[PDB]
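Visitor: Enclosed are the sequence and the experimentally obtained structure.
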Amino acid sequence: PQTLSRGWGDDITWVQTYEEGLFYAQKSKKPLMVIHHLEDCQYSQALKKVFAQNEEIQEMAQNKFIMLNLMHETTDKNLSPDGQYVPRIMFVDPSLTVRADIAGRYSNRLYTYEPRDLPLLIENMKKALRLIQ
């Protein structure tokens, strides 16, 4: 039974599409969080299990971000500037500009996170909340 949350947080109100995400991001002046993943990916499964259950992450996701998760690539090459690996978490500023400066610990997989990177993902969500202005 297909859900929109796909394990990333059932109490988040997820948008369905990138264009919807951008529409609400700009109107509500909130960043958009785009989580790219696959269901048959162990690393995607492990990350979403800890993401779903993290209180601080869930409060930000619910109240400070527009939230989207996808298992197929969008039409925007700016959301995959160093490849289409997953899991891949990109932030988009309300100005519609992708925050390519908000990156995880791996230099050749800049937008991936593993479970041990939760403190860094939390800090990067906060970085995304400090809007381009």
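Guide: That came through fine. Numbering: from 1, shown residues only.

Visitor: isn't residue 16 right next to residue 2, touching?
Guide: No - Residue 16 is beyond contact range of residue 2, at 11.3 Å (criterion: C-beta atoms under 8 Å). For the C-beta atoms, the positions are set from N, CA and C on the backbone; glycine is no exception.

Visitor: Between these two, which has more neighbouring residues?
Guide: residue 16 (10 against 4; other C-beta atoms under 10 Å).

Visitor: What's the separation between that one and residue 24?
Guide: Relative to residue 24, residue 16 is positioned 11 Å away (C-beta to C-beta, to the nearest Å).

Visitor: dump the residue contacts of residue 17.
Guide: residue 68 (C-beta atoms under 8 Å, 6 or more residues apart in numbering).

Visitor: how close does it sit to residue 96?
Guide: In terms of C-beta to C-beta, residue 17 sits 15 Å off from residue 96.

Visitor: for residue 79, same thing?
Guide: Taking C-beta to C-beta, one finds residue 79 at 12 Å from residue 96.

Visitor: what about those two, which has more around it?
Guide: Counted by other C-beta under 10 Å, residue 79 and residue 96 do not tie: residue 79 has more neighbours, with 19 against 13.

Visitor: measure the residue lying closest to that one once chain neighbours are set aside to residue 55 for me?
Guide: Using C-beta to C-beta, 6 or more residues apart in numbering and skipping residues adjacent in sequence, the residue nearest residue 79 is residue 90, 5.0 Å away. Noted for residue 90: a distance of 23 Å to residue 55, by C-beta to C-beta.

Visitor: and the two? which has more neighbours close in?
Guide: residue 90 (24 against 7).

Visitor: tell me the secondary structure for the more buried one?
Guide: strand (DSSP: H, G, I helix; E, B strand; the rest coil).

Visitor: Likewise for residue 26?
Guide: helix.

Visitor: Who are the contact partners of it?
Guide: By C-beta under 8 Å, 6+ apart, the contact list for residue 26 reads 94-96.

Visitor: Swap in 10 Å and give it another go.
Guide: The contact partners of residue 26, taken as C-beta atoms under 10 Å, 6 or more residues apart in numbering, are 32, 66, 92-96.

Visitor: Name only those of those that count as buried.
Guide: 32, 66, 92-94 (16 or more other C-beta atoms under 10 Å).
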